[PDB]
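Structural description and commentary
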Amino acid sequence: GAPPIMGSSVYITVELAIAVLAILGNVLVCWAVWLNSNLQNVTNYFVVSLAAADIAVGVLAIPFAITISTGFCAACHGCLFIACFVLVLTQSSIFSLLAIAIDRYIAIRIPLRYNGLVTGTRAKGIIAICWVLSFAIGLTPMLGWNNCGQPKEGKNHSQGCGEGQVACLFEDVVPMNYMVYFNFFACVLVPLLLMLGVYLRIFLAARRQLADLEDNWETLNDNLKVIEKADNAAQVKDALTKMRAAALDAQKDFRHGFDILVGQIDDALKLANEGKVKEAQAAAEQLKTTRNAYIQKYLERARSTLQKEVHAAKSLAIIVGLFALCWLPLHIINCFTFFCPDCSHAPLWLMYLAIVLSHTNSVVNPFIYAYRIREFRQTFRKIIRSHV
Ligand SMILES: CC(C)CCC[C@@H](C)[C@H]1CC[C@H]2[C@@H]3CC=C4C[C@@H](O)CC[C@]4(C)[C@H]3CC[C@]12C
Ligand SMILES: CC(C)CCC[C@@H](C)[C@H]1CC[C@H]2[C@@H]3CC=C4C[C@@H](O)CC[C@]4(C)[C@H]3CC[C@]12C
Ligand SMILES: CC(C)CCC[C@@H](C)[C@H]1CC[C@H]2[C@@H]3CC=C4C[C@@H](O)CC[C@]4(C)[C@H]3CC[C@]12C
Ligand SMILES: Nc1nc(NCCc2ccc(O)cc2)nc2nc(-c3ccco3)nn12
Ligand SMILES: CCCCCCCC/C=C\CCCCCCCC(=O)O
Ligand SMILES: CCCCCCCC/C=C\CCCCCCCC(=O)O
Ligand SMILES: CCCCCCCC/C=C\CCCCCCCC(=O)O
Ligand SMILES: CCCCCCCC/C=C\CCCCCCCC(=O)O
């Protein structure tokens, strides 16, 4: 077969390219949040945590990946840290991605309580805890779950590594039962499924709330028709009592409108409980004015906020999807290596393609922000133009 350096050269050059783009793209995200106070919210502090992890892929994980591919002689625990530091960074990404999803879930479910519950200080403390935990989880092989105790003694002697040293190769130091059960199933796959669960809930909450505002608007128009074509005063009482409850339902520029509305219903209801039928109908037609000038304005704003939240949650879901798309092939190959001992090992070229693909994830997020979030796009422009 071909000399190692030729395939090695391609892989290294490709990794360096990805490293440059990961650094530049994510430095840009961080600089954007720094300058623009419209981007200075709790959601984006997790985005910055995610960008920092991706900067660290470029600055450290990729140079580590280049190093480990050589199979150089190294002390096994040093080799372990080289092998496992990337797992810290992906774990950090998982936590950041899960925190964004929960944040956007809290925001839709309880918006009036959101700012009181989800603060910068609380967010900052979560980020710190998650980074400590990512170091714990990612470097678990250094705590003793390693193949240092069982070194590949043929490889060690052939390239003359020192006493205590190993030929530094991922699959000779990192156990595959760790990679599959602990790293893939427990640490990646469960939180991804949880994220999917949280996002589907966000879309349900949005659909449910949009339906409520549709139904409250239609009740106001159905019951308005009932008053117009009514036989007696007690029928008008039925339509107004339903209408009054629906007015207080949508209640919880703005507050003056539902005051006029409930006021005018109370006027027509007071007349309907005296048997003044035509006066109650005339007063209930004056609700039309309030409905145009105030209520139609409230509905449109409430509807467009929810549509903005759907659109925002979709954008952030795409990021979770592209994380899964870039990382799954490497995990699936590990599952094949682990669960199928009768299968021949995935070839060297596919191994390195899967490593490269996993690393291109550290490039994609800045693009999704630029395309999908107007505030990031506009800040990107201002930085790029005013800079160089
Ligand atoms: C402060 C940041 C930016 C620098 C990070 C320092 C990095 C480059 C250092 C810290 C610990 C170091 C490792 C510690 C131990 C060994 C074992 C030895 O047999 C070969 C080198 C090797 C594998 C080192 C490689 C470089 C290493 C990973
Ligand atoms: C999330 C989507 C995009 C990932 C698709 C799964 C990919 C990674 C799957 C589909 C077919 C799979 C291959 C099927 C057959 C073999 C032969 C076996 O002897 C070793 C593993 C190997 C080489 C598999 C590696 C992973 C593989 C290439
Ligand atoms: C829920 C989805 C998105 C996550 C992907 C599921 C993963 C865990 C599944 C999908 C395909 C599965 C593989 C399909 C085929 C084989 C070959 C068999 O000889 C041993 C198990 C093994 C290697 C499976 C292990 C688990 C596997 C990799
Ligand atoms: N299995 C695996 N191998 C490697 N590198 C070694 C590639 C290799 C594998 C087998 C072989 O005979 C020669 C070379 N890096 C790897 N990174 C990961 C990984 C990281 C996160 C999830 O999987 N898995 N993984
Ligand atoms: C979206 C993925 C980015 C495009 C990647 C371009 C393809 C080049 C990367 C890997 C090709 C395989 C290189 C040969 C195996 C490496 C040999 C070795 O390291 O010994
Ligand atoms: C911006 C801060 C500067 C940090 C850059 C540190 C420079 C070290 C990076 C790569 C050097 C790796 C050299 C590999 C050693 C070869 C072993 C040998 O000579 O046999
Ligand atoms: C923003 C700048 C920071 C980036 C600095 C990182 C530069 C590292 C570049 C290549 C890593 C060198 C890998 C050494 C291979 C070891 C070969 C061997 O000794 O067998
Ligand atoms: C990102 C670009 C991806 C397009 C090209 C990727 C192709 C990889 C998909 C399947 C590769 C199949 C490898 C053949 C397995 C060899 C069988 C064996 O183990 O001997």
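Residues numbered from 1 in each chain as written, not as in the entry; some residues may be left out. Chains lettered and ligands numbered in written order. Heavy atoms only, no water.

Here's the deal with the UniProt feature "disulfide bond" in the protein chain
For the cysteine pair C76 and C148, annotated in UniProt as disulfide-linked, the sulfur atoms lie 2.0 Å apart, within bonding distance in this model. Pair noted here: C76 is in helix 3 (residues 76-109) and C148 is in the loop between helix 5 (120-138) and helix 6 (153-158), with a separation of 72 residues, a long-range link. You can call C76 buried: its relative accessible area is 6%. Assessed through its relative accessible area of 16%, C148 is described here as buried. UniProt pairs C340 with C343 in a disulfide, and the coordinates agree: the sulfur atoms lie 2.0 Å from each other. (Disulfide = S-S within 2.5 Å. UniProt positions renumbered as here; feature names shortened; annotations may be inferred. Helix = DSSP H or I, 4+ residues; strand = E, 2+ residues; numbered from the N terminus. Buried < 20%, exposed > 50% of the residue type's maximum accessible area, 1.4 Å probe, protein only.)

Focus on the state of the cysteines
Per the stated rule, a full pass over the model turns up four disulfides. The side chain of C73 participates in a disulfide bridge whose partner is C161; the two sulfur atoms lie 2.0 Å from each other. Because the torsion about its S-S bond is -70°, the bridge between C73 and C161 counts as left-handed. Placement of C73 in strand 1 (residues 73-75) and of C161 in the loop between helix 6 and strand 2 (165-167) is noted, with a sequence separation of 88 residues between them. For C73, a relative accessible area of 27% corresponds to the partly exposed category. With a relative accessible area of 11%, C161 lands in the buried category. The disulfide bridge from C340 ends at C343, spanning 2.0 Å between sulfur atoms. The disulfide joining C340 to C343 has a torsion of about 85° about its S-S bond and is therefore right-handed. Looking at the protein chain, its bonded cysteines, counted consecutively from the start of the sequence, adopt the pairing 1-5, 2-4, 3-6, 7-8. For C326, which is in no disulfide, the shortest distance to another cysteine sulfur is to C335 and amounts to 18 Å.

Some thoughts on the environment of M243
Summarising the element assignment, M243 is placed in helix 9 (residues 233-251). When its relative accessible area of 2% is taken as the criterion, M243 is described as buried. Considering only alpha carbons, one finds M243 and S69, 174 residues apart in sequence, at a separation of 72 Å. When near neighbours in sequence (up to four residues on either side) are disregarded, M243 contacts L220, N223, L224, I227, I265 and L287. (Contact = heavy atoms within 4.5 Å.)

Regarding the UniProt feature "transmembrane region" in the protein chain
Per the UniProt record, the feature "transmembrane region" sits at residues 10-34, 45-68, 80-102, 123-145, 176-200, 316-339 and 348-371. Measuring from the first to the last C-alpha atom of residues 176-200 gives 32 Å, for a span that is 100% helix and 0% strand. From the first C-alpha to the last, residues 316-339 spans 33 Å; its make-up is 100% helix and 0% strand.

Considering the domain arrangement of the protein chain
Each assigned domain of the protein chain is listed with its residue range as follows: domain 1 (1-210 + 301-388) and domain 2 (211-300). Between the C-alpha centres of domain 1 and domain 2 the distance comes to 54 Å. With nine residues of domain 1 in contact, the opposing surface of domain 2 contributes eight residues. For the pair domain 1 and domain 2, the number of links is zero salt bridges. Summed over the shared surface of domain 1 and domain 2, the number is 14 residue pairs in polar contact. The set of elements that each furnish at least two residues to the side of domain 1 that touches domain 2 consists of helix 8 (176-228) and helix 12 (287-339). The element contributing the most residues to the side of domain 1 that touches domain 2 is helix 12, with five residues. (Domains from an automatic or database assignment. Salt bridge = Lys/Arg side-chain N within 4 Å of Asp/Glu carboxyl O. Polar contact = N/O pair within 3.5 Å; in protein donor to acceptor, adjacent residues only side chain to side chain.)

What about the packing of helix 9 against helix 10 (residues 254-272)?
Relative placement of two packed helices is described by the angle separating their axes and the distance separating the axes. Here helix 9 crosses helix 10 at 160°, and the two axes come no closer than 9 Å. By the angle between their axes, helix 9 is roughly antiparallel relative to helix 10. Crossing of helix 9 over helix 10 shows left-handed handedness. Of helix 10, the residues touching helix 9 (which contributes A233, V236, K237, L240, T241, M243, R244, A247, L248, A250 and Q251) are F254, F258, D259, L261, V262, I265, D266, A268, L269 and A272. Here the contact of helix 9 with helix 10 is built from residues that sort into 15 nonpolar, two polar and four charged. (Axes fitted to C-alpha atoms, helices over the stretch in contact; angles between N-to-C directions. Parallel < 35°, antiparallel > 145°, perpendicular 65-115°, else oblique. Left-handed = near helix turned anticlockwise from the far one by under 90°. Nonpolar A, V, L, I, M, F, W, Y, C, P; charged D, E, K, R; others polar.)

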